[PDB]
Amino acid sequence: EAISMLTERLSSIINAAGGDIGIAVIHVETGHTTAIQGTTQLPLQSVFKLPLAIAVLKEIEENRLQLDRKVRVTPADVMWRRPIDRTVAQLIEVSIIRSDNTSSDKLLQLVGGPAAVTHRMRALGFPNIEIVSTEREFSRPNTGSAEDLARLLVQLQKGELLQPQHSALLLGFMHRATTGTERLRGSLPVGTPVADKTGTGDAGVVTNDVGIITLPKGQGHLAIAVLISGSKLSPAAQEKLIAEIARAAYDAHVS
């Protein structure tokens, strides 16, 4: 009866927030899905670096690239004040953890640009994630639906999306995410494992967080995507909306 009424409870949390809000909550093991505007494609900001990382790792899994390939980064590509070498793995690491824009654009460069990332998402079963711009170009947003992003995270958590070492590598990066620790984690009980990737537009124009919540005991995992676009609320109140949405989803699925 909790997973039952989660939708009504979530819709009351975001009431009067304005803007466009997409929510998707999927219990990984059973597939139980709760969504509000779950198929509306909304601006991703740095959340797009998660599809990017999967696109890069699929290049490696399809014998067109390797994890330890050295890549040269220069100040002309703008940590990056000297011409430095970084492995492909190190580029994914900094792109996921610090949302680093120089490394992300080099990774986009490696896989063939935004259209190639979009094609890979389609090939993997996520036709509602549209990558159209680099970070320099956006400096027409990259958009994605909450359900597509949540379903991607389900497959990542299940071991279906990537090889096991790449899945552990990417989730490890997402565990160490340093930019949105008061979003999905903000209202969860102490000791709840969370892997996530955030996205933030300047002055509260976009507040996003997507990730995987580990439930206690053997009650499973939650894939959760919250995309907030153009809300009237303060940045802090938008982050609190994500934290409370995440806690409501947790409570509904836990005993």
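We number the residues from 1 along the sequence you see.
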| item | value |
| --- | --- |
| Absent coordinates between residue 78 and residue 79 - deposited residues affected, binned into four classes | 4 to 9 |
| Residue 139-residue 140 interval: deposited residues absent from the model | 4 to 9 |
| Higher-scoring stretch by recorded Cα B factor average, 178-186 or 85-93 | 178-186 |
| Residue stretch of maximal mean CA temperature factor, 160-168 vs 96-104 | 96-104 |
| Highest recorded Cα temperature factor - choice among 153, 73, 121, 146 | 73 |
| Candidate set 65, 26, 54, 225 [ranked by C-alpha B-factor, highest] | 65 |
| Residue 61 - which third its CA temperature factor falls in, relative to the rest of the chain | middle |
| Position of residue 249 among the chain's modelled residues by C-alpha B-factor, lowest, middle or highest third | lowest |
| Relative C-alpha B-factor of residue 242, binned into the chain's lowest, middle or highest third | lowest |
| Chain third (lowest, middle, highest) by recorded CA B-factor, residue given as residue 203 | highest |
| Chain-relative CA temperature factor third for residue 32 | lowest |
